[PDB]
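In what follows, a single structure is set out as structure tokens and then discussed.
FYI the Cβ positions are ideal-geometry reconstructions off the backbone, even for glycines, and counts take in every protein chain you see. Each answer follows from the model by the rule given with it, or from the source it names; none is laboratory data.
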There are 2 protein chains.
Amino acid sequence: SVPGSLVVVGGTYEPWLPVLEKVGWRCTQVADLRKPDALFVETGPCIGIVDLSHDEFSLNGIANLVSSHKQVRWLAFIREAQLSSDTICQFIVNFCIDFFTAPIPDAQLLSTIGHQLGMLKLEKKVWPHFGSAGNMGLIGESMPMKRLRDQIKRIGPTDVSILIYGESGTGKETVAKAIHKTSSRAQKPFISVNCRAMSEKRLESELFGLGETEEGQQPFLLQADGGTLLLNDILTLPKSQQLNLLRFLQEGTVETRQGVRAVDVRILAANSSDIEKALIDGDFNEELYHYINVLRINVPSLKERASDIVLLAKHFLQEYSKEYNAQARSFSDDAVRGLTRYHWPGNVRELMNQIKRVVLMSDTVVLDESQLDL
Amino acid sequence: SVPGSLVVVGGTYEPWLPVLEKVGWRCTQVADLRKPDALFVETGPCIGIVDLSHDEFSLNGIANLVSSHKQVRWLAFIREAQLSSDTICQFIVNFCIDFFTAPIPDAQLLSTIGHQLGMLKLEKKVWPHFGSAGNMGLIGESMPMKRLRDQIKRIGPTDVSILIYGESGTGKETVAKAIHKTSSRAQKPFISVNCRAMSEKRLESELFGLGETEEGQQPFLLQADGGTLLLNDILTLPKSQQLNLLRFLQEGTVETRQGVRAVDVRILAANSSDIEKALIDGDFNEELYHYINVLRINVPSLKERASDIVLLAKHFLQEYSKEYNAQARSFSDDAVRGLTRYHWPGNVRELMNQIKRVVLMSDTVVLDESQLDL
């Protein structure tokens, strides 16, 4: 295990660095700001110490690197000069667990860290150094995919609501299944709901509803008891429904035909909108949002999926050709760069759909320059 | 010292409860769900412990309150009945500083919490900063506007870069000055740069010397030292310049003449259009974008600010008249309705400029309809 890193140009802070050398905990020292950003990106859950003993490196950028997205995937800690806690001490808005004095109790500082080192060690123990497999990562396997799957795993088991966002057709629904597998209630039911349509009619009938609900029915919430329910594009939801949703997340009760009984469901949500505007405009509920935004997961788009683009193609054909008895089996080296350059607004689904349409057209074994433009 | 709160039916949780009582902590035990939320609201900075001995607590609801709004105003702590490879063990995601066994380790218990004692006093120190009548709300008093004031408040102290956006002439510069006044660096200077029509020229001299004579130049950042630099409508900025901008967002240094000095500036930016289009086009750098989009605040338009329009008019009349004496005083209940119907593409800015001229045109004490079109 190497999950320990501090950042400063002052690599002479011996009053507390070799104390980890001798105790057998080692170190990882950064001097710049651009470097640890990428570092903290690839290290995941770890312990990081910021030496702000006036060692010459910003403050606006400090709070940035800490909260760029290094929130849950990093337990913050800081070192400051003994006489420096006056002005912008508000940096502990990012409650960096604890600060650091100069009168080193070369034995007590470990009590601060060891209780937080062990605090971290539990996560890395039960499943150390992972970044692949998991049923072939369900979809892809690139570099942001590595980060993704590591986030998923550590946020999986936690039966709190997680906010899934990313471009449309990125596979937000796929991820919802992934965390469910880790949520230990995998065997228990799962329901993905396309909320783009629904309208106030059917949407209400699945919690209470008009005097309709033509017998049986059994609301999805009831049917997802112990399992998992997904809500794609929750932003689209009518206000009166976001209400009924909020009642459940406090009560957990639904009105059925044979009784307004209560159920246990872990709730997931999907979004594609700018959400910040909807909050302001009041289009979507704020309190509900705080019930949802407890955990956020960043679903990558066509940012850096170049290594996935080439792989995402190979699987679909293997899954699509065999399914529809095709002769096409391989791609051309021309089509390679062409697909990588493509922006894919629909991302996966588009790359999933476009490939599907090509198969039923191509009468050859290898695909060419053909109208992949559309 | 008054920081103590427990949440559970800790009837038989005596082996570790009064041991803190007589040592000085001033506790307050809750048992329900809604009550502690109200409690933690009125307790402010304190240390609260959650008993998760598999009793009666919605795992989902738990993590919420932790990060519902009990962030800086509360430090989380947890008590478990010795659980191992469970979903509950993954709760460290909620940065719960340290765990808690059932067999109390005597007077060793104190040090775990004791490390956070100094962490709590600091919180309560900078914790107040209450709004002097909310500073008159600065602008308006509706519902999207209200949520905004709560939003601008919580993101204020956070000396991070924030992407402010909304329609044109909605007061993005206004918002920027608010958080600057909200930050701990309020007394520090402030730089709002309304660029656009600058041409790739001064931005150079804004980062280095352009002559060799004497001096004759002193860039904005140094003048924003400790303070805040704003760039109204950024995305339009030429490519070669966001680079050096990023350089400051990484290094924080700038050439002058009397030294290639480094400066501490919290930078904010503004956009009215959509950086979205620029990203796909590759027009705007993505690496810098993430440095900017650390926090988003959406400035509402006429979206649901119709109820504020009448106040914005009432206000401007009161300040434009007295500025130029004028005879206009009462608007009439007729010309009011007509102003609501108008779309106001420029929103505030149009209402700002237009009202000024009308006063300078109206010969009456109470204007009726008049022109008011454009």
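In this structure, does B:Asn60 turn out to be outside any loop (DSSP other than H, G, I, E, B), out of contact with any helix residue (DSSP H, G or I) (no Cβ under 7 Å at 6 or more places or on another chain) and either within 11 Å of chain A (Cβ to nearest Cβ) or buried (at least 19 other Cβ atoms within 10 Å of the Cβ) (or both)? Before the answer, list the steps.
Values: outside any loop (DSSP other than H, G, I, E, B): yes; out of contact with any helix residue (DSSP H, G or I) (no Cβ under 7 Å at 6 or more places or on another chain): yes; either within 11 Å of chain A (Cβ to nearest Cβ) or buried (at least 19 other Cβ atoms within 10 Å of the Cβ) (or both): yes.
Answer is yes for this residue.
Among what's in segment B:74-120 and is more than 10 Å from every other protein chain (Cβ to nearest Cβ) and among the charged types (D, E, K, R), pick the residue that is farthest from A:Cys96 (Cα to Cα).
Of everything passing the filter in segment B:74-120, B:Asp106 is farthest from A:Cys96 (Cα to Cα).
List the helices (runs of 4 or more DSSP H) that sit entirely inside segment B:285-353 and contain at least 1 residues that are within 14 Å of another protein chain (Cβ to nearest Cβ).
Here the list reads B:286-292, B:306-323.
Residue check, A:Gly4 against (1) surrounded by fewer than 16 Cβ atoms within 10 Å (Cβ to Cβ); (2) farther than 27 Å from B:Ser184 by Cα, all met but one. Which one?
Condition (1) is where A:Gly4 drops out.
Identify the residue in segment A:238-254 that is crowded, with 16+ Cβ neighbours inside 10 Å and facing chain B (nearest Cβ under 9 Å) and, among all such residues, is farthest from A:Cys195 (Cα to Cα).
So, considering only residues that are crowded, with 16+ Cβ neighbours inside 10 Å and facing chain B (nearest Cβ under 9 Å), the one farthest from A:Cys195 (Cα to Cα) is A:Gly252.
Among the candidates A:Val175, A:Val160, single out the residue that is outside any helix (DSSP H, G or I), β-branched (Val, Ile, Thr), buried (at least 19 other Cβ atoms within 10 Å of the Cβ) and within 15 Å of the chain's Cα centre (by Cα).
Criteria check complete, one pass: A:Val160.
Scan segment A:157-174 and tell me whether some residue there is closer than 20 Å to A:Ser5 by Cα, of a type outside the set (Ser, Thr, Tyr) and either more than 9 Å from chain B (Cβ to nearest Cβ) or out of contact with any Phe, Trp or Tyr (no Cβ under 6 Å at 6 or more places or on another chain) (or both).
For segment A:157-174, residues closer than 20 Å to A:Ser5 by Cα, of a type outside the set (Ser, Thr, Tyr) and either more than 9 Å from chain B (Cβ to nearest Cβ) or out of contact with any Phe, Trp or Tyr (no Cβ under 6 Å at 6 or more places or on another chain) (or both): absent.
Quick one: in segment B:182-212, which of the residues that are assigned to a strand (DSSP E or B) and among the polar types (S, T, N, Q) is nearest to B:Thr236 (Cα to Cα)?
B:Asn194
Search segment B:179-208 for residues that are of a type in the set (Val, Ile, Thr) and pair each with any residue that is in a helix (DSSP H, G or I) and surrounded by fewer than 18 Cβ atoms within 10 Å (Cβ to Cβ) when their beta-carbon atoms are under 8 Å apart and the residues are at least 6 apart or on different chains.
The qualifying pairs are B:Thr182/B:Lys153; B:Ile191/B:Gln223.
Return the residue satisfying two criteria in turn: it lies in segment A:310-333 and is among the basic types (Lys, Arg) and surrounded by 11 or more Cβ atoms within 10 Å (Cβ to Cβ), and of such residues it is farthest from A:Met143 (Cα to Cα).
The first filter runs over segment A:310-333 and keeps only residues among the basic types (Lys, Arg), leaving A:314, A:322, A:329.
Retained after the next criterion (residues that are surrounded by 11 or more Cβ atoms within 10 Å (Cβ to Cβ)): A:314, A:329.
On the way: A:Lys314: 18, A:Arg329: 27 Å.
Ranking the qualifying residues of segment A:310-333, first place goes to A:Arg329.
Only one of these conditions is not met by A:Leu317: (1) under 27 Å from the mean Cα position of the chain (by Cα); (2) in contact (Cβ under 8 Å) with a residue 40 or more places away in the chain. Which number is it?
For A:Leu317, the exception is condition (1).
Among the residues of segment A:1-42, what is the count of those that are within 30 Å of B:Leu288 (Cβ to Cβ) and among the aromatic types (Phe, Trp, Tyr)?
Selection size over segment A:1-42: 1.
Here is a check on your reading of the model: is A:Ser111 in contact with a helix residue (DSSP H, G or I) (Cβ under 8 Å, 6 or more places away or on another chain), outside the structural domain of A:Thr228 (by TED's automatic domain parsing) and under 30 Å from A:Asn347 (Cα atoms)?
So A:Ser111 fails the test.
Go through (1) crowded, with 21+ Cβ neighbours inside 10 Å; (2) in contact with a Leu (Cβ under 8 Å, 6 or more places away or on another chain); (3) not in a helix (DSSP H, G or I) one by one and return the number of the condition A:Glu141 breaks.
It is condition (1) that A:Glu141 fails.
To keep it simple, each residue is scored yes or no on (1) more than 29 Å from B:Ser273 (Cβ to Cβ); (2) among the charged types (D, E, K, R).
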position: B:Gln187; (1), (2): yes, no
position: B:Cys195; (1), (2): no, no
position: B:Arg202; (1), (2): no, yes
position: B:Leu222; (1), (2): yes, no
position: B:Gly227; (1), (2): no, no
position: B:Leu230; (1), (2): no, no
position: B:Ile234; (1), (2): no, no
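Quick check on my filter: what residues within segment B:255-266 are within 12 Å of another protein chain (Cβ to nearest Cβ) and either assigned to a loop (DSSP other than H, G, I, E, B) or over 21 Å from B:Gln217 (Cα atoms) (or both)?
Narrowing segment B:255-266 to residues within 12 Å of another protein chain (Cβ to nearest Cβ): B:261-266.
Matches in segment B:255-266: B:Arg261, B:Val263, B:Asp264, B:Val265, B:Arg266.
Of the residues in segment A:264-274, how many are in contact (Cβ under 8 Å) with a residue 24 or more places away in the chain, of a type outside the set (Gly, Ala, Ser) and surrounded by fewer than 19 Cβ atoms within 10 Å (Cβ to Cβ)?
Residues in segment A:264-274 being in contact (Cβ under 8 Å) with a residue 24 or more places away in the chain, of a type outside the set (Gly, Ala, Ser) and surrounded by fewer than 19 Cβ atoms within 10 Å (Cβ to Cβ): 1 in total.
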